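Report on the structure given below.
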Amino acid sequence: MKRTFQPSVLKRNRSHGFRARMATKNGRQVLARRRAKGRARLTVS
Amino acid sequence: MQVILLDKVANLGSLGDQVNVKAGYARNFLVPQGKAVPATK
Amino acid sequence: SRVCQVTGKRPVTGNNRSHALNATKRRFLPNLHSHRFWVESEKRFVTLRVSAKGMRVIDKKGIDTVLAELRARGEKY
Amino acid sequence: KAXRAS
RNA sequence: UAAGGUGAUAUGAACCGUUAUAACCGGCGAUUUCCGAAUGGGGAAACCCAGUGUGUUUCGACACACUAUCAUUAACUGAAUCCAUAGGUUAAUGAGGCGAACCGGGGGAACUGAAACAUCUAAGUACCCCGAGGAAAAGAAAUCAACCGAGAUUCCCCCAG
RNA sequence: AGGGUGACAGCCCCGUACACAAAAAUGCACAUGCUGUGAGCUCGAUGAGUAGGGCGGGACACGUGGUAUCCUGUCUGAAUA
RNA sequence: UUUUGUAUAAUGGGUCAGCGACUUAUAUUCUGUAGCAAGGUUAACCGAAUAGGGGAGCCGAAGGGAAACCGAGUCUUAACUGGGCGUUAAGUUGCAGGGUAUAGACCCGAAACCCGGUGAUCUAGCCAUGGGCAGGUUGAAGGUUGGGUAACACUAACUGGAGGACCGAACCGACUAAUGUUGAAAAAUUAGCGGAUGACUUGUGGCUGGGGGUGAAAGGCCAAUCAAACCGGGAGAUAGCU
RNA sequence: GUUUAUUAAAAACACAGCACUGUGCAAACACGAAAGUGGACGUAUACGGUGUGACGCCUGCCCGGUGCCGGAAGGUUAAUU
RNA sequence: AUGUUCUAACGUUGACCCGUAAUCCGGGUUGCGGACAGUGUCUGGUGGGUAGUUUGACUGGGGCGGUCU
Ligand SMILES: [K+]
Ligand SMILES: [K+]
Ligand SMILES: [K+]
Ligand SMILES: [K+]
Ligand SMILES: [K+]
Ligand SMILES: [K+]
Ligand SMILES: [K+]
Ligand SMILES: [K+]
Ligand SMILES: [K+]
Ligand SMILES: [K+]
Ligand SMILES: [K+]
Ligand SMILES: [K+]
Ligand SMILES: [K+]
Ligand SMILES: [K+]
Ligand SMILES: [K+]
Ligand SMILES: [K+]
Ligand SMILES: [K+]
Ligand SMILES: [K+]
Ligand SMILES: [K+]
Ligand SMILES: [K+]
Ligand SMILES: [Mg+2]
Ligand SMILES: [Mg+2]
Ligand SMILES: [Mg+2]
Ligand SMILES: [Mg+2]
Ligand SMILES: [Mg+2]
Ligand SMILES: [Mg+2]
Ligand SMILES: [Mg+2]
Ligand SMILES: [Mg+2]
Ligand SMILES: [Mg+2]
Ligand SMILES: [Mg+2]
Ligand SMILES: [Mg+2]
Ligand SMILES: [Mg+2]
Ligand SMILES: [Mg+2]
Ligand SMILES: [Mg+2]
Ligand SMILES: [Mg+2]
Ligand SMILES: [Mg+2]
Ligand SMILES: [Mg+2]
Ligand SMILES: [Mg+2]
Ligand SMILES: [Mg+2]
Ligand SMILES: [Mg+2]
Ligand SMILES: [Mg+2]
Ligand SMILES: [Mg+2]
Ligand SMILES: [Mg+2]
Ligand SMILES: [Mg+2]
Ligand SMILES: [Mg+2]
Ligand SMILES: [Mg+2]
Ligand SMILES: [Mg+2]
Ligand SMILES: [Mg+2]
Ligand SMILES: [Mg+2]
Ligand SMILES: [Mg+2]
Ligand SMILES: [Mg+2]
Ligand SMILES: [Mg+2]
Ligand SMILES: [Mg+2]
Ligand SMILES: [Mg+2]
Ligand SMILES: [Mg+2]
Ligand SMILES: [Mg+2]
Ligand SMILES: [Mg+2]
Ligand SMILES: [Mg+2]
Ligand SMILES: [Mg+2]
Ligand SMILES: [Mg+2]
């Protein structure tokens, strides 16, 4: 049966990548929150 | 709008006399065309 | 935005109040109109987005005074 | 007017 | 400052040093890739691709610097349109992004309480947004008082549940 | 004070009290140049689409109430010692 | 534990170990206790000062009346024989405690509501750009050559190759049954079954976002979640219930 | 053909066809505080909405109620004054 | 207070010109509308399109009926 996760690196990066996050103020707030939490991996990039 | 006429305007008055006009008449016609000045001094 | 260029009148918030005193949020907008003002000094029409109140200010103060005020704020025409 | 060309 | 020393797991190796350039500590410098505001253009961050000017070469190439945007000012230029203005280019200066709280401002809930619920409450709270500073804001009476007087603002205790 | 040392150390060690120290950078408080900055006195002048008003809201402990006062989206609009 | 009542065949606990529920702040009243006593006590603050200063206040020693006001009385009433409340009862400030108030207020627990984000790698629809459909049938229109007509019509043969056409693999689907149901699998397997040139199917990429989308419409689907997604926050919502 | 991915595939949905109705174009309508954008690079033989559901034969009576459309003399009636 | 005409506010999703290498936008010219339209404030109507809610208790289970002083 076809499950929900069908990986595409292009779609991954376009959906959730660093530059997608930087493109909007809300995406930049994600990065701010993840930096403040001290995440080793800020994004899927 | 009290204005002062710079020429003889029709149904208003001659040069020099100062008339109360509707503000639209002053704003959009008499003043752009050089027929009245706002009563400033 | 709905901002008078002369006065800086902008949308303000308040309530609609029903007979039963139900408060629903509303806005009060300025009575804004784009108007071409004759500026005899510059020998030009300047279009300003102006509240009706702002037009009475221009009538009272003169367009040259008002435009000088706009230049000091750095508000463009 | 418009992405087609206008 | 020194008789030790070459950060840790972590030994070892090969060395360095012992009266002063070993190491170590502090000041000031130098170097400081790429990504990131990221700013030469682009982009799926850490990559791809340039222009221009100088200088250099073994003509295959190499090196270095500059080239974002906006605001302000200046110079020069420059439409419809004759003046002029818009526009264009170049220069200088500044800005940009990040940051826990506190601060000022623009917006602004509902659960809840009212033993239901709509006025009311929760609350101008949560939250979103903008802006600032070391604090901010406020501030030098078109203030109070009560016929006596006080004398800007801010904060604390009362007044008073 | 405190820590360490093969068990619990004033005197074993590191400290502690106390007394000293800066080539260089820099915070601060003063003293003193330079460049802006203008003190003082007489004569004045005294903030208008504003105050106030009508309508709608909001803010004031104060829910429009008999509701002062403040703010103003809208329409108006003085006197100015 | 809950009940009128439980060996109950009502509830809870597999066992052990560890953790797990009446608190805290402030106000108020009562009790105890200590100080001082018709007084008691200070708050902020000053003070290195648990000292000392600071009496601003607060409570008490007077009440009655809506109030002016009067005052050991006062109010009521024109006025009391009267009548109501008072006068003939020590307070106050600590400290400890009981209760109350406001706060999450003994702990755990909703379904939900609101705010800001994250999601169309699943799926729904659409958009752009590519791909797929073995093999076998049927034989529409049209054409041509004859016939037939005044001309058409009409008619035979040959040709032609239409279709949400037919049979059937791939491919897409999911009607029946059995199995499986702590599965091989959080939806499948096996045998049969429907569509299979289309309103088809599929790859890659794109767009639509939550009272919103998308829906040949089932409240379907929107990442194993849908009569209002998910994540974080308001948040310890509230819980007259267990 | 479509559908309740995962208990319903159907008589449900859709459908060509039909009818009513709106819409003169900056269309109605829809998404949008707005600018805009879709409708449509269309223009009433078009487009939206609604119901019905190939085809055949057909589709009767009721406008009192509720809508909608038209009228507007008169009654009543807001801010305003 | 209404009718007509006018142009100058205002509209233009007509044409042309320029910024321009751009159709968006702005400016200019010209036509067409034209104090209308449209927008602000106020105001009557309409308004399950959307929202917040309410929709009692007793009861030989509840509902229906009945009842409530
Ligand atoms: K509420
Ligand atoms: K309640
Ligand atoms: K020791
Ligand atoms: K005013
Ligand atoms: K029981
Ligand atoms: K049971
Ligand atoms: K107590
Ligand atoms: K006591
Ligand atoms: K008495
Ligand atoms: K006592
Ligand atoms: K609670
Ligand atoms: K409690
Ligand atoms: K939702
Ligand atoms: K079927
Ligand atoms: K009717
Ligand atoms: K024009
Ligand atoms: K008009
Ligand atoms: K409604
Ligand atoms: K009974
Ligand atoms: K019974
Ligand atoms: Mg860049
Ligand atoms: Mg770059
Ligand atoms: Mg900044
Ligand atoms: Mg309640
Ligand atoms: Mg300040
Ligand atoms: Mg005095
Ligand atoms: Mg031992
Ligand atoms: Mg003054
Ligand atoms: Mg005043
Ligand atoms: Mg006023
Ligand atoms: Mg007033
Ligand atoms: Mg008010
Ligand atoms: Mg029982
Ligand atoms: Mg028993
Ligand atoms: Mg039993
Ligand atoms: Mg039991
Ligand atoms: Mg048993
Ligand atoms: Mg039970
Ligand atoms: Mg059990
Ligand atoms: Mg008394
Ligand atoms: Mg077929
Ligand atoms: Mg299916
Ligand atoms: Mg099968
Ligand atoms: Mg078939
Ligand atoms: Mg078949
Ligand atoms: Mg249903
Ligand atoms: Mg799902
Ligand atoms: Mg909901
Ligand atoms: Mg809360
Ligand atoms: Mg809870
Ligand atoms: Mg079928
Ligand atoms: Mg099913
Ligand atoms: Mg089925
Ligand atoms: Mg259009
Ligand atoms: Mg039907
Ligand atoms: Mg019929
Ligand atoms: Mg409702
Ligand atoms: Mg509620
Ligand atoms: Mg309810
Ligand atoms: Mg009942």
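By order of appearance in the structure tokens: chains A, B, ..., then residues from 1 within every chain, and ligands from 1 in the order shown.
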Kindly compile the residues surrounding ligand 35 within 8 Å, counting only C-alpha atoms (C1' of nucleotides) and all ligand atoms, and format them as JSON, numbers by chain. {"G": [6, 8, 9]}
Next, dump the selected residues to file, keeping only N, CA and C atoms (P, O5', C5', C4', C3', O3' and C1' of nucleotides), as a PDB file, in the first residue's frame.
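Below is the file part_1.pdb, written as the result:
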ATOM      1  P     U G   6     -22.057  -3.308  53.124  1.00  0.00           P
ATOM      2  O5'   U G   6     -22.001  -4.317  51.883  1.00  0.00           O
ATOM      3  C5'   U G   6     -22.407  -5.690  52.052  1.00  0.00           C
ATOM      4  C4'   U G   6     -21.724  -6.526  51.003  1.00  0.00           C
ATOM      5  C3'   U G   6     -20.187  -6.505  51.038  1.00  0.00           C
ATOM      6  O3'   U G   6     -19.619  -7.788  50.859  1.00  0.00           O
ATOM      7  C1'   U G   6     -20.932  -5.975  48.903  1.00  0.00           C
ATOM      8  P     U G   8     -15.836  -8.361  48.314  1.00  0.00           P
ATOM      9  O5'   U G   8     -17.369  -8.011  48.054  1.00  0.00           O
ATOM     10  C5'   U G   8     -17.852  -7.846  46.705  1.00  0.00           C
ATOM     11  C4'   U G   8     -17.958  -9.180  46.003  1.00  0.00           C
ATOM     12  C3'   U G   8     -18.720  -9.144  44.675  1.00  0.00           C
ATOM     13  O3'   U G   8     -18.288 -10.202  43.830  1.00  0.00           O
ATOM     14  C1'   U G   8     -19.931 -10.448  46.174  1.00  0.00           C
ATOM     15  P     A G   9     -16.883 -10.139  43.051  1.00  0.00           P
ATOM     16  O5'   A G   9     -17.363  -9.808  41.568  1.00  0.00           O
ATOM     17  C5'   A G   9     -17.745 -10.869  40.684  1.00  0.00           C
ATOM     18  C4'   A G   9     -19.112 -10.565  40.130  1.00  0.00           C
ATOM     19  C3'   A G   9     -20.247 -10.458  41.155  1.00  0.00           C
ATOM     20  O3'   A G   9     -21.428  -9.837  40.676  1.00  0.00           O
ATOM     21  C1'   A G   9     -20.475 -12.439  39.934  1.00  0.00           C
TER      22        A G   9
END
Within 10 Å of residue 6 in chain D using only C-alpha atoms (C1' of nucleotides), minus same-chain residues under 3 positions, as a ChimeraX atom specification: /D:1-3 /H:41 /I:23
Given 10 Å and only C-alpha atoms (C1' of nucleotides) and all ligand atoms, residues near ligand 4 as a list in words: residues 49, 50, 51, 52, 53, 54, 72, 74, 75, 76 and 77 of chain F
List all protein, DNA and RNA residues that have any atom at most 8 Å from ligand 52, counting only C-alpha atoms (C1' of nucleotides) and all ligand atoms, and write the list as a list in words. residues 4, 6, 7 and 8 of chain H
Excluding residue 1 in chain A and its own-chain neighbours fewer than 5 positions away, which residues fall within 12 Å of it when counting only C-alpha atoms (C1' of nucleotides)? Please give them as a PDB file with N, CA, C and O atoms (P, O5', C5', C4', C3', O3' and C1' of nucleotides), in the first residue's frame.
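Writing done, so here's around_2.pdb:
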ATOM      1  N   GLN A   6       6.590   9.875   0.551  1.00  0.00           N
ATOM      2  CA  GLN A   6       7.102   9.541  -0.766  1.00  0.00           C
ATOM      3  C   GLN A   6       8.227  10.526  -1.049  1.00  0.00           C
ATOM      4  O   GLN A   6       7.967  11.646  -1.481  1.00  0.00           O
TER       5      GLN A   6
ATOM      6  P     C G 122       2.413  12.080  -2.273  1.00  0.00           P
ATOM      7  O5'   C G 122       1.482  11.510  -1.112  1.00  0.00           O
ATOM      8  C5'   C G 122       1.577  10.120  -0.713  1.00  0.00           C
ATOM      9  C4'   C G 122       0.324   9.765   0.037  1.00  0.00           C
ATOM     10  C3'   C G 122      -0.992  10.072  -0.683  1.00  0.00           C
ATOM     11  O3'   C G 122      -1.311   9.028  -1.585  1.00  0.00           O
ATOM     12  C1'   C G 122      -1.096  10.838   1.555  1.00  0.00           C
ATOM     13  P     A G 185       2.763  -8.897   9.972  1.00  0.00           P
ATOM     14  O5'   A G 185       1.950  -8.067   8.877  1.00  0.00           O
ATOM     15  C5'   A G 185       2.652  -7.088   8.085  1.00  0.00           C
ATOM     16  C4'   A G 185       1.688  -6.349   7.194  1.00  0.00           C
ATOM     17  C3'   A G 185       0.529  -5.636   7.898  1.00  0.00           C
ATOM     18  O3'   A G 185       0.940  -4.328   8.269  1.00  0.00           O
ATOM     19  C1'   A G 185      -0.302  -6.895   6.078  1.00  0.00           C
ATOM     20  P     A G 186       0.874  -3.801   9.780  1.00  0.00           P
ATOM     21  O5'   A G 186      -0.524  -3.046   9.687  1.00  0.00           O
ATOM     22  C5'   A G 186      -1.782  -3.742   9.816  1.00  0.00           C
ATOM     23  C4'   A G 186      -2.854  -2.712  10.083  1.00  0.00           C
ATOM     24  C3'   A G 186      -2.830  -1.477   9.183  1.00  0.00           C
ATOM     25  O3'   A G 186      -3.504  -1.781   7.982  1.00  0.00           O
ATOM     26  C1'   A G 186      -2.946  -0.784  11.404  1.00  0.00           C
ATOM     27  P     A G 187      -2.814  -1.464   6.574  1.00  0.00           P
ATOM     28  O5'   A G 187      -3.882  -2.144   5.613  1.00  0.00           O
ATOM     29  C5'   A G 187      -3.806  -3.560   5.359  1.00  0.00           C
ATOM     30  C4'   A G 187      -5.078  -3.978   4.671  1.00  0.00           C
ATOM     31  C3'   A G 187      -5.505  -3.112   3.477  1.00  0.00           C
ATOM     32  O3'   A G 187      -6.141  -3.915   2.501  1.00  0.00           O
ATOM     33  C1'   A G 187      -7.188  -3.086   5.094  1.00  0.00           C
ATOM     34  P     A G 188      -5.942  -3.671   0.931  1.00  0.00           P
ATOM     35  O5'   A G 188      -4.945  -4.864   0.570  1.00  0.00           O
ATOM     36  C5'   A G 188      -3.547  -4.744   0.911  1.00  0.00           C
ATOM     37  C4'   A G 188      -3.038  -6.082   1.380  1.00  0.00           C
ATOM     38  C3'   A G 188      -3.338  -7.292   0.488  1.00  0.00           C
ATOM     39  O3'   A G 188      -2.366  -7.387  -0.542  1.00  0.00           O
ATOM     40  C1'   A G 188      -3.879  -7.804   2.734  1.00  0.00           C
ATOM     41  P     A G 224      -1.363  10.207   8.784  1.00  0.00           P
ATOM     42  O5'   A G 224      -1.398   8.739   8.161  1.00  0.00           O
ATOM     43  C5'   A G 224      -2.419   8.408   7.188  1.00  0.00           C
ATOM     44  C4'   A G 224      -3.293   7.314   7.750  1.00  0.00           C
ATOM     45  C3'   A G 224      -3.878   7.561   9.147  1.00  0.00           C
ATOM     46  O3'   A G 224      -5.175   7.005   9.255  1.00  0.00           O
ATOM     47  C1'   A G 224      -2.482   5.665   9.207  1.00  0.00           C
TER      48        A G 224
ATOM     49  P     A H   5     -14.074   4.510   2.547  1.00  0.00           P
ATOM     50  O5'   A H   5     -13.362   4.594   1.119  1.00  0.00           O
ATOM     51  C5'   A H   5     -12.285   5.524   0.890  1.00  0.00           C
ATOM     52  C4'   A H   5     -11.068   4.754   0.443  1.00  0.00           C
ATOM     53  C3'   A H   5     -10.496   3.757   1.460  1.00  0.00           C
ATOM     54  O3'   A H   5      -9.825   2.670   0.833  1.00  0.00           O
ATOM     55  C1'   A H   5      -8.946   5.480   1.089  1.00  0.00           C
ATOM     56  P     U H   6     -10.444   1.184   0.843  1.00  0.00           P
ATOM     57  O5'   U H   6     -10.267   0.790   2.380  1.00  0.00           O
ATOM     58  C5'   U H   6     -10.928  -0.387   2.907  1.00  0.00           C
ATOM     59  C4'   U H   6     -11.401  -0.111   4.313  1.00  0.00           C
ATOM     60  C3'   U H   6     -12.221   1.167   4.528  1.00  0.00           C
ATOM     61  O3'   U H   6     -13.076   0.998   5.639  1.00  0.00           O
ATOM     62  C1'   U H   6     -10.232   1.329   5.768  1.00  0.00           C
TER      63        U H   6
END
Would you list which chain A residues are within 12 Å of chain G using only C-alpha atoms (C1' of nucleotides), as a ChimeraX atom specification? /A:1-16,21,25-30,33
Residues within 12 Å of ligand 38 (only C-alpha atoms (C1' of nucleotides) and all ligand atoms), as a PyMOL selection string? chain G and resi 1-3+10-12+241-242
Please report as a PyMOL selection string which residues of chain C come no farther than 12 Å from chain B, using only C-alpha atoms. chain C and resi 35-41+43-45+52+55-56+58-63
If you run DSSP over the backbone, which residues in chain B end up strand (DSSP E)? Put them as a list in words. residues 2, 3, 4, 5, 18, 19, 20, 36, 37 and 38 of chain B
Taking the backbone alone, and naming residues the way the document does, which bits of chain C are alpha helix (DSSP H) by DSSP, as a PyMOL selection string? chain C and resi 52-61+63-73
Determine which residues of chain C sit within 10 Å of chain H, taking into account only C-alpha atoms (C1' of nucleotides), and present them as a CSV table (one decimal) with N, CA and C atoms, in the first residue's frame.
chain,number,residue,atom,x,y,z
C,1,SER,N,-1.8,52.7,1.8
C,1,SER,CA,-2.7,52.5,2.9
C,1,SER,C,-3.7,53.7,3.0
C,2,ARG,N,-4.8,53.6,3.7
C,2,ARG,CA,-5.8,54.6,3.8
C,2,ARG,C,-5.3,55.7,4.8
C,27,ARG,N,-13.9,49.4,12.2
C,27,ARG,CA,-13.0,50.4,11.9
C,27,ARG,C,-13.7,51.7,11.5
Would you list the residues that come within 8 Å of ligand 1? Count only C-alpha atoms (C1' of nucleotides) and all ligand atoms and give the answer as a VMD selection string. chain E and resid 110 112 121 to 122
Ligand 55: which residues are within 9 Å, counting only C-alpha atoms (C1' of nucleotides) and all ligand atoms, as JSON, numbers by chain? {"H": [51, 52, 53]}
Go ahead and save the residues from that selection, with C-alpha atoms (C1' of nucleotides), as a PDB file, in the first residue's frame.
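As written to disk, part_17.pdb reads:
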ATOM      1  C1'   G H  51     -34.197  22.370 -10.443  1.00  0.00           C
ATOM      2  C1'   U H  52     -35.149  18.141 -13.636  1.00  0.00           C
ATOM      3  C1'   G H  53     -32.397  14.060 -15.824  1.00  0.00           C
TER       4        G H  53
END
For ligand 14, collect every residue having any atom at a distance of at most 8 Å from a ligand atom (counting only C-alpha atoms (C1' of nucleotides) and all ligand atoms); output as an NGL selection string. (:G and (175 or 194)) or (:H and (9-10))
File dump, residues just selected, N, CA and C atoms (P, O5', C5', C4', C3', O3' and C1' of nucleotides), as a PDB file, in the first residue's frame:
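For reference, again.pdb as written:
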ATOM      1  P     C G 175     -16.727  -2.757  -4.200  1.00  0.00           P
ATOM      2  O5'   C G 175     -17.506  -4.006  -4.806  1.00  0.00           O
ATOM      3  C5'   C G 175     -18.913  -3.905  -5.062  1.00  0.00           C
ATOM      4  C4'   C G 175     -19.470  -5.265  -5.406  1.00  0.00           C
ATOM      5  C3'   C G 175     -19.072  -6.431  -4.496  1.00  0.00           C
ATOM      6  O3'   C G 175     -19.973  -6.519  -3.405  1.00  0.00           O
ATOM      7  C1'   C G 175     -18.616  -7.007  -6.739  1.00  0.00           C
ATOM      8  P     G G 194     -16.484  -9.475 -15.100  1.00  0.00           P
ATOM      9  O5'   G G 194     -16.401  -7.919 -14.765  1.00  0.00           O
ATOM     10  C5'   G G 194     -17.605  -7.191 -14.461  1.00  0.00           C
ATOM     11  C4'   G G 194     -17.252  -5.740 -14.275  1.00  0.00           C
ATOM     12  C3'   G G 194     -16.449  -5.069 -15.395  1.00  0.00           C
ATOM     13  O3'   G G 194     -17.285  -4.719 -16.481  1.00  0.00           O
ATOM     14  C1'   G G 194     -15.478  -4.538 -13.334  1.00  0.00           C
TER      15        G G 194
ATOM     16  P     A H   9     -20.478  -1.736  -1.650  1.00  0.00           P
ATOM     17  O5'   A H   9     -21.118  -0.558  -2.517  1.00  0.00           O
ATOM     18  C5'   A H   9     -22.439  -0.708  -3.054  1.00  0.00           C
ATOM     19  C4'   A H   9     -22.405  -0.602  -4.562  1.00  0.00           C
ATOM     20  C3'   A H   9     -21.418  -1.500  -5.311  1.00  0.00           C
ATOM     21  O3'   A H   9     -21.839  -1.671  -6.656  1.00  0.00           O
ATOM     22  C1'   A H   9     -20.738   0.768  -5.511  1.00  0.00           C
ATOM     23  P     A H  10     -22.952  -2.747  -7.081  1.00  0.00           P
ATOM     24  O5'   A H  10     -24.329  -2.053  -6.681  1.00  0.00           O
ATOM     25  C5'   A H  10     -24.691  -0.833  -7.367  1.00  0.00           C
ATOM     26  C4'   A H  10     -25.877  -0.228  -6.669  1.00  0.00           C
ATOM     27  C3'   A H  10     -26.474   1.004  -7.340  1.00  0.00           C
ATOM     28  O3'   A H  10     -27.245   0.538  -8.427  1.00  0.00           O
ATOM     29  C1'   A H  10     -26.293   1.382  -5.034  1.00  0.00           C
TER      30        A H  10
END
Residues up to 10 Å from ligand 23, counting only C-alpha atoms (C1' of nucleotides) and all ligand atoms: could you list those as an MDAnalysis selection string? chainID E and resid 95:98 131:132
Write out the residues from the selection above, keeping N, CA and C atoms (P, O5', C5', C4', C3', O3' and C1' of nucleotides), as a PDB file, in the first residue's frame.
ATOM      1  P     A E  95      24.531  53.024  10.091  1.00  0.00           P
ATOM      2  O5'   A E  95      23.144  52.558   9.454  1.00  0.00           O
ATOM      3  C5'   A E  95      21.906  52.949  10.089  1.00  0.00           C
ATOM      4  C4'   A E  95      20.754  52.508   9.222  1.00  0.00           C
ATOM      5  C3'   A E  95      20.553  50.994   9.111  1.00  0.00           C
ATOM      6  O3'   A E  95      19.771  50.571  10.222  1.00  0.00           O
ATOM      7  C1'   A E  95      20.482  51.999   6.945  1.00  0.00           C
ATOM      8  P     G E  96      19.995  49.152  10.939  1.00  0.00           P
ATOM      9  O5'   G E  96      19.562  48.208   9.725  1.00  0.00           O
ATOM     10  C5'   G E  96      18.180  48.191   9.299  1.00  0.00           C
ATOM     11  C4'   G E  96      18.058  47.278   8.106  1.00  0.00           C
ATOM     12  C3'   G E  96      18.428  45.816   8.391  1.00  0.00           C
ATOM     13  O3'   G E  96      17.521  44.900   7.801  1.00  0.00           O
ATOM     14  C1'   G E  96      19.619  46.583   6.544  1.00  0.00           C
ATOM     15  P     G E  97      16.347  44.225   8.663  1.00  0.00           P
ATOM     16  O5'   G E  97      16.993  42.880   9.231  1.00  0.00           O
ATOM     17  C5'   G E  97      17.339  41.810   8.323  1.00  0.00           C
ATOM     18  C4'   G E  97      18.441  40.983   8.934  1.00  0.00           C
ATOM     19  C3'   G E  97      18.245  40.517  10.378  1.00  0.00           C
ATOM     20  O3'   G E  97      17.394  39.389  10.481  1.00  0.00           O
ATOM     21  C1'   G E  97      20.384  41.405  10.162  1.00  0.00           C
ATOM     22  P     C E  98      16.502  39.157  11.794  1.00  0.00           P
ATOM     23  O5'   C E  98      17.623  38.863  12.888  1.00  0.00           O
ATOM     24  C5'   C E  98      18.363  37.631  12.834  1.00  0.00           C
ATOM     25  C4'   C E  98      19.363  37.627  13.959  1.00  0.00           C
ATOM     26  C3'   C E  98      18.781  37.711  15.369  1.00  0.00           C
ATOM     27  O3'   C E  98      18.255  36.460  15.789  1.00  0.00           O
ATOM     28  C1'   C E  98      20.615  39.184  15.183  1.00  0.00           C
ATOM     29  P     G E 131      10.639  48.047  12.806  1.00  0.00           P
ATOM     30  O5'   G E 131      10.763  49.110  13.986  1.00  0.00           O
ATOM     31  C5'   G E 131      10.625  50.509  13.679  1.00  0.00           C
ATOM     32  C4'   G E 131      10.706  51.296  14.960  1.00  0.00           C
ATOM     33  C3'   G E 131      11.919  51.018  15.852  1.00  0.00           C
ATOM     34  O3'   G E 131      13.106  51.591  15.322  1.00  0.00           O
ATOM     35  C1'   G E 131       9.995  51.083  17.177  1.00  0.00           C
ATOM     36  P     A E 132      14.552  51.002  15.702  1.00  0.00           P
ATOM     37  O5'   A E 132      14.631  51.477  17.228  1.00  0.00           O
ATOM     38  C5'   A E 132      14.643  52.901  17.498  1.00  0.00           C
ATOM     39  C4'   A E 132      14.508  53.157  18.979  1.00  0.00           C
ATOM     40  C3'   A E 132      15.705  52.769  19.842  1.00  0.00           C
ATOM     41  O3'   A E 132      16.811  53.617  19.563  1.00  0.00           O
ATOM     42  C1'   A E 132      13.662  52.364  20.978  1.00  0.00           C
TER      43        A E 132
END
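Counting only C-alpha atoms (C1' of nucleotides) and comparing F:61, F:48, F:8, F:34, the residue that lies closest to chain C is F:48.
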